[PDB]
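Undergrad: Provided herewith is a single structure, encoded as structure tokens, for subsequent inquiry.
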Amino acid sequence: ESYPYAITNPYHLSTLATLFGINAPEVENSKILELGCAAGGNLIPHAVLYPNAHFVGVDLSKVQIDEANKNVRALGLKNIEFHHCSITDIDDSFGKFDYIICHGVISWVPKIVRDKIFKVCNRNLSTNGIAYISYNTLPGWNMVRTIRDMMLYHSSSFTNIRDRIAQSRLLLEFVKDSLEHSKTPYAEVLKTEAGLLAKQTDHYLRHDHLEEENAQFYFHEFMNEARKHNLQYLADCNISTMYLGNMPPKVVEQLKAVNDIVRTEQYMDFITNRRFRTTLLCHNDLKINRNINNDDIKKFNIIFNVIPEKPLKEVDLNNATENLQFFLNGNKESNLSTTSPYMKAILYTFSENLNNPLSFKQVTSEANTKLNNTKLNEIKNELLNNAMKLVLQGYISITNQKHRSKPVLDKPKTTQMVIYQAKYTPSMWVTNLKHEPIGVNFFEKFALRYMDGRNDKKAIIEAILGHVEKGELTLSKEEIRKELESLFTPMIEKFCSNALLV
Amino acid sequence: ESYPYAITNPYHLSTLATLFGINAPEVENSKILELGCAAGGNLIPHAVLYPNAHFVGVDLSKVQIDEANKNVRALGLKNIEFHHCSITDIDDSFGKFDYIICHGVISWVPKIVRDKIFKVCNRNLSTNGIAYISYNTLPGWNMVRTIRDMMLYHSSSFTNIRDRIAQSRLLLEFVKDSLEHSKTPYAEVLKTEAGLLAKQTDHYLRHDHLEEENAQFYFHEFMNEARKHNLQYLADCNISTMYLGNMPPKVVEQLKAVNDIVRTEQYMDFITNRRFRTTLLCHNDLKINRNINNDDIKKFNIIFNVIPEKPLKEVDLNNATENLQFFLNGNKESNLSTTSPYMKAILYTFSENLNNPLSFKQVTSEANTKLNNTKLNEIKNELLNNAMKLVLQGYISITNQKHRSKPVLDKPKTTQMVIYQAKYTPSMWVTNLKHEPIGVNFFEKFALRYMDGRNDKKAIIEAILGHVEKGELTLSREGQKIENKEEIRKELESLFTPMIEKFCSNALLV
Ligand SMILES: Nc1ncnc2c1ncn2[C@@H]1O[C@H](CSCC[C@H](N)C(=O)O)[C@@H](O)[C@H]1O
Ligand SMILES: Nc1ncnc2c1ncn2[C@@H]1O[C@H](CSCC[C@H](N)C(=O)O)[C@@H](O)[C@H]1O
């Protein structure tokens, strides 16, 4: 189970670099390095997308690297190589990379390897390159460490990994039952954290990992190390963690009064109990511009994943007594509502383009055709006044990736990575065109096996029919017929709006 | 400022020893050692109370030990020694002690000194003696450490201790400002913690104290160190921290099943976020009896400090359907109510005996007089069935201390220690007979100066009046001053009766 992590997508690093006034290299011709890449699930899909780029993963585990290379051979990729070696084996002969991704390693490795990671992110980084390093942080990690301590101390039962996992689990359940009637805040925190741990699979409970030491960085100590290597802080990959606007305005003005972003970020870590950071680093020499304005939205392609409570053909967009509701990435609650004809036209245009970025001009022109082409100015005004605020709060995505051609649904066609995963892989998820893991059931997976752009609906349904009778697939003959076709159109919608169709 | 800590009282250690089947040494002739005694405010009041007991303090700070010796000399005590030396200087020549008190020390000292504290608590402890060691604990200490890390980080502004203090205060208020509207639970925990910290004085916030390393014990790690020295866990001095009865029965059954008290205690620390322990240890070879029965209440004198909502003379206790309310140490917020006439009679009896220990026979016979002396057996049954449960939950105090004879309020007489504190010391608090600091206002402190067991009420009032006229005490009406000789005499006579009640109920009168 080697997952892609969308937040490490080189196009995301490049986007964030653009936001802050850095011109990062074009992704399609770039060179990309992943440190501690495991079996390559966070790297291989990019190699498939960008045959003109070059990819290098490094991991100390020979079994993971062997699995990486097996999938490389299977996909026919000529642009990617995996090396079984330590990070500490990397030297100047590896060359310079435009993007360096190190996700979930630096907290778990000894000091000599942490120092090496910083040194590679300097020496092997291109002039305008971007380095990603993610790590656990105090104060938020305290609670996790406590539970690990708890599970180790009560786990002296037997010697086996397997046997010990079961009593770790029933210790989590025992904790739940213990706190049943407790109203204190700490009981609430511990109960939720234990519930999370219980949900996880055995690889995360296995006690050899529980015993592993975490570096327990504070942000300012991490940055101390990065600055020793002449790297400066660019951004967190979730920019909403940098948002100061939900705080009292005197406080915000005071935070701006001192100008250093590391101290401000550390302060926010202290008062928010921050447990994890996904940090972007770049070379000291670059001049970063943190002054962001509304018009900056025009620099980017935009995604706002919103689902309207009422369909478009049932509403009159110029009826301003009607407050219409849109659910964000979903949904119920966690939502927004508008009375504006212009904001309605904008939100309806985003809801037809889910996970398919639109330029400022594309969004506003398409919304204007819903307003009879008369409103372009008012629409541009409404988007300008709002977009960047919602981006900085994390509701809207910006990307340097371009709008994708509308998929043709007569003969639905998924991607090379996805067809491969559906045919040859046991996992119940696939990697979409945004480098996001998308969960699928058995019906959706078997159906993805057949979307090459050739087979029509009847053909795909028949190919799946080969699978149901000899399972393989079992759906929870005529009932099977229209049960299968009732599942078809919603599946196509899910694939088309989750960037699984080409 | 050197406070007494009532929880370290050797009579409290002895009481807990008795609860668990240990016969600890008689307090009045004992030998008592305090490690890291600072200025001796936790030791000196016992030397005053127990002329036939011997007391030894040890502290590394010359300034503190000098203050302790100044107060010993001021009090004229011959039974107490204060030594300026390290705990590492203690050896077999110091002799054996029946009680050893180490409070707020071991978490703050290097590993070698911690080793030595355990060693002393074995080698210098009498056969039946009790050692007390308190320390900060994980997981609860995480938050405190975090705030200290924050303060040190956010004030690094070179070179000025007072200015660094001002920056740390500014920081803490800035925190409170930042979290105002935010409703998340972490924000609330942090908010009140920084509130406590802002409340304190400058010596707790000085960066050199913030930089000091805490040992950060888990309980099982503390007990591992104690066991190396052949010390076993007796109990926590707040026994309510040991109580499992508020947890689901199946959980309580599993905990009871594992039959390891140190593991059970650790589990409770994890699920309650325990931040501090006050631990009693004793030699490994003593047989500790953990089976506690209702009738064990008969072994102890008892205090339950309850204030009735309604005066006894306004209620009929024999009424069984009326719900009567009682407020604990306090209160009006935290209370206990009952319709039982027998529990009512017991509760009014405790309310008349505040902070004065009562035997089982005393509680039940006095309760019976309220029920017309026909109820003795029912009242004994009520106390039997509820008392030890309330003890283990922390509501009722048990003590090996004797019942004290009633103070005669005619010529009120306070104790040697508090008459010293009131006359000769700047502090606004005094140390009562139970080793508790009791806050006093200016009128109460002045009054205490004059209660020698000779001055009657008229003479005490005349003395205080002299202070009001000398300019050293002012009385607000309020908020206009009351300046006329008569009418200040009037007001003083108004204030005297509740003051004598408060002293009487706070164990300040002999
Ligand atoms: N010194 C070293 N050099 C190269 N890889 C290392 C290393 N030390 C640890 N690793 C690798 O670092 C990884 C940490 S687990 C994280 C793996 C992957 N990025 C993911 O999130 O799924 C493991 O695959 C381990 O084999
Ligand atoms: N090695 C050592 N030997 C003797 N005293 C020490 C010591 N290390 C620290 N101390 C003393 O331990 C005390 C810690 S502060 C706690 C003091 C006191 N028990 C109270 O609670 O008020 C300080 O007075 C310090 O001087």
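Undergrad: Check off (1) over 23 Å from B:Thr415 (Cβ atoms); (2) crowded, with 16+ Cβ neighbours inside 10 Å; (3) acidic (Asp, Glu) for B:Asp91 and give me the number that stays unchecked.
TA: It is condition (2) that B:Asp91 fails.
Undergrad: When the residues of region A:1-53 are filtered to those that are away from ligand 1 (no atom under 15 Å from the Cβ) and small (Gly, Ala, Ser), which remaining residue is nearest to A:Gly439 (Cα to Cα)?
TA: Step by step, filter region A:1-53, then rank; the result is A:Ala47.
Let's see how each residue does on (1) in contact with a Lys or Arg (Cβ under 9 Å, 6 or more places away or on another chain); (2) within 14 Å of chain B (Cβ to nearest Cβ); (3) surrounded by 15 or more Cβ atoms within 10 Å (Cβ to Cβ):
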site: A:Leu197; (1), (2), (3): yes, yes, yes
site: A:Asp202; (1), (2), (3): yes, no, no
site: A:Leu210; (1), (2), (3): yes, no, yes
site: A:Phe217; (1), (2), (3): yes, yes, yes
site: A:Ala226; (1), (2), (3): no, no, yes
site: A:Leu231; (1), (2), (3): no, no, yes
site: A:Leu234; (1), (2), (3): no, no, yes
site: A:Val262; (1), (2), (3): yes, yes, yes
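Undergrad: Which of (1) under 18 Å from A:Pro185 (Cβ atoms); (2) within 24 Å of the chain's Cα centre (by Cα) does B:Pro185 not meet, given it meets every other one?
TA: For B:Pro185, the failing item is (2).
Undergrad: A:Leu244: touching a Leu at 6+ places or on another chain (Cβ under 7 Å) and buried (at least 16 other Cβ atoms within 10 Å of the Cβ), yes or no?
TA: Criteria not met by A:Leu244.
Undergrad: For region A:84-97, give me each residue that is more than 9 Å from ligand 1 (Cβ to nearest atom), out of contact with any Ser or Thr (no Cβ under 9 Å at 6 or more places or on another chain) and on the phi < 0 side of the Ramachandran plot.
TA: A:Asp91, A:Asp92, A:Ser93, A:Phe94
Undergrad: Restricting the first residue to region A:173-191 and requiring it to be outside the structural domain of A:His154 (by TED's automatic domain parsing), which pairs with a second residue that is crowded, with 16+ Cβ neighbours inside 10 Å meet a Cβ separation below 7 Å and a spacing of at least six or different chains?
TA: From residues that are outside the structural domain of A:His154 (by TED's automatic domain parsing), there are no pairs.
Undergrad: Something else about it: Which residue pairs have Cβ atoms closer than 8 Å, lie 6 or more positions apart in sequence or on different chains, and pair a first residue in region A:43-56 that is surrounded by fewer than 24 Cβ atoms within 10 Å (Cβ to Cβ) with a second residue that is among the aromatic types (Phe, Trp, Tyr) and part of a strand (DSSP E or B)?
TA: A:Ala47/A:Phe55; A:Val56/A:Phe82; A:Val56/A:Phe97
Undergrad: Given the residues B:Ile130, B:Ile106, which is the only one that is of a type in the set (A, V, I, L, M, F, W, C) and within 13 Å of ligand 2 (Cβ to nearest atom)?
TA: B:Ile106
Undergrad: Another question about this same structure. Pick out the one residue from B:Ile101, B:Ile80 that is within 14 Å of ligand 2 (Cβ to nearest atom) and over 30 Å from A:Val189 (Cβ atoms).
TA: It is B:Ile101.
Undergrad: Moving to a separate point now. Which one of these is surrounded by fewer than 22 Cβ atoms within 10 Å (Cβ to Cβ), away from ligand 1 (no atom under 16 Å from the Cβ) and hydrophobic (A, V, I, L, M, F, W, C): B:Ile117, B:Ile112, B:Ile130, B:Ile106?
TA: The match here is B:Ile112.
Undergrad: Just name the residue that is farthest from B:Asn142 (Cα to Cα) out of those in region A:148-189 that are in a helix (DSSP H, G or I) and touching a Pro at 6+ places or on another chain (Cβ under 9 Å).
TA: Filtering region A:148-189 for residues that are in a helix (DSSP H, G or I) and touching a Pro at 6+ places or on another chain (Cβ under 9 Å), the one farthest from B:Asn142 (Cα to Cα) comes out as A:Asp177.
Undergrad: Any idea how many residues of region B:123-147 are facing chain A (nearest Cβ under 9 Å), closer than 27 Å to B:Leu16 by Cβ and assigned to a helix (DSSP H, G or I)?
TA: 0
Counting neighbours? That spans all protein chains shown, and the Cβs are built from the backbone with ideal geometry, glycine included. What is reported rests on the model, the rules as stated and the sources as named; nothing here is a laboratory result.
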